[PDB]
Amino acid sequence: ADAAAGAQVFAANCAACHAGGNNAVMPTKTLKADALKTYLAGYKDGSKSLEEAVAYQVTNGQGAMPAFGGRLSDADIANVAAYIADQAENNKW
Ligand code: HEC
């Protein structure tokens, strides 16, 4: 999906909890490449790509992280997942 469009979704919906690619709530579980591969459901087990696993967790929530299905459009969810994947894979945080 469109990482550049996803940056705007991130600023509007994710930066209060994840400024800098970190995690204000659960500090280990950051948005950096190494942390994602260790802790993000589906991606950590190899059964999902990074981008799919991010999209799933944004849509459905996890733990203390709220769900965004019904709050964000399909394209916005897909695009923010692409932003996370691009930021992490290319070490841009
Ligand atoms: C604070 C109320 C949050 C908001 C809003 C968003 N996220 Fe979040 N996220 C939060 C927590 C507490 C956690 C950990 C969940 C758990 O217990 O495992 C997460 C996790 C993620 C992850 C995975 C990180 C990892 O496992 O290392 C991703 C990819 C993620 N969050 C993305 C994300 C996006 C894109 C958001 C805006 C749509 C978003 N989160 C909001 C807390 C909060």
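Ligands are counted one by one from 1 in listed order, and the atoms in each one are counted from 1 as well. Sequential numbering from 1 along the given sequence is applied to the chain's residues. All heavy atoms count here, side chains included; hydrogens, waters and symmetry mates do not.
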Original post:
Distance-only, no hydrogens or angles: does the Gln57 side chain make a donor-acceptor pair with backbone N or O of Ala41 under 3.5 Å?
Top reply: no

Subject >> Whether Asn79 side chain and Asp2 backbone form a donor-acceptor pair below 3.5 Å >> reply: yes

Original post:
With a 4.5 Å heavy-atom cut-off, do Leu40 and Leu50 have their side chains touching?
Top reply: yes

Original post:
Nearest to atom 1 (C) of ligand 1 by heavy atom, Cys17, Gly61, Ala53, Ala16: which?
Top reply: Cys17

**OP:** With the side chain counted from C-beta on, respond yes when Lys32 and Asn22 share a heavy-atom pair under 4.5 Å apart, and no when they do not.
**Re:** yes

Subject >> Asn13, any N or O under 3.5 Å of ligand 1 N or O >> reply: no

**OP:** Specify the protein heavy atom at minimum distance from atom 26 (O) of ligand 1: its residue, its atom name, and the distance to 0.1 Å.
**Re:** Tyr39 CB, 3.3 Å

Original post:
Do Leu36 and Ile84 have side-chain heavy atoms sitting under 4.5 Å apart?
Top reply: yes

**OP:** Would you please classify the geometry between the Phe10 ring and the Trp93 ring as parallel, tilted or perpendicular, with 30° and 60° separating the classes?
**Re:** tilted

Original post:
Nearest to atom 36 (C) of ligand 1 by heavy atom, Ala33, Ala85, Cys14: which?
Top reply: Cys14

**OP:** Answer side chain, backbone, both or neither: which part of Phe68 comes under 4.0 Å from ligand 1, heavy atoms only.
**Re:** side chain

Original post:
Atom OG1 of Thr59 and atom CD1 of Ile77: how far apart are they, to the nearest 0.5 Å?
Top reply: 4.0 Å

Original post:
Any link between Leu31 and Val9 through a network of hydrophobic side chains (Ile, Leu, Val, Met, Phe, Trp, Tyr) touching at under 4.5 Å?
Top reply: yes

**OP:** Under 4.0 Å from a heavy atom of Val58: give me the atoms of ligand 1 that qualify, with their elements.
**Re:** 34 (C), 35 (C), 38 (C)

**OP:** Just need the protein heavy atom nearest to atom 16 (C) of ligand 1, so name the residue and atom and give the distance.
**Re:** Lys29 NZ, 3.5 Å

Subject >> Selected option - heavy-atom contact closest to atom 25 (C) of ligand 1, from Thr30, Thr38, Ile84 >> reply: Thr30

**OP:** Please work out whether any backbone atom (N, CA, C, O) or any side-chain heavy atom from C-beta onward of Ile77 is under 4.0 Å from ligand 1, and answer side chain, backbone, both or neither.
**Re:** neither

Subject >> Atoms of ligand 1, numbered as shown, that sit under 4.0 Å from any heavy atom of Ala35 >> reply: 27 (O)

Subject >> Side-chain touch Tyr39/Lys44, heavy atoms, less than 4.5 angstrom >> reply: no

Original post:
What protein heavy atom sits nearest atom 28 (C) of ligand 1, and how far away is it?
Top reply: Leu31 CD2, 3.4 Å

**OP:** Go through ligand 1 atom by atom and flag the ones less than 4.0 Å from a non-hydrogen atom of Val25.
**Re:** 12 (C)

Original post:
So, is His18 placed with an N/O/S atom under 2.8 Å from atom 8 (Fe) of ligand 1, counting both backbone and side chain?
Top reply: yes

Original post:
Considering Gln62, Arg71, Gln87, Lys32, which one's heavy-atom position lies nearest to atom 15 (C) of ligand 1?
Top reply: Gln62

Subject >> N/O/S atom of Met65 inside 2.8 Å of atom 8 (Fe) of ligand 1, strictly under >> reply: yes

**OP:** Would you mind checking which non-hydrogen protein atom is closest to atom 17 (O) of ligand 1, with the distance to 0.1 Å?
**Re:** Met26 CE, 3.1 Å

**OP:** List the closest protein heavy-atom neighbour of atom 22 (C) of ligand 1: residue, atom name, distance to the nearest 0.1 Å.
**Re:** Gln57 NE2, 3.5 Å

Original post:
Side chain, backbone, both or neither: which part of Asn23 has a heavy atom under 4.0 Å from ligand 1?
Top reply: side chain

Original post:
Taking everything shown except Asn60 itself, do over 12 heavy atoms lie less than 6.0 Å from its CG?
Top reply: yes

Subject >> Within-4.5 Å side-chain heavy-atom neighbours: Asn13 and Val80 >> reply: no

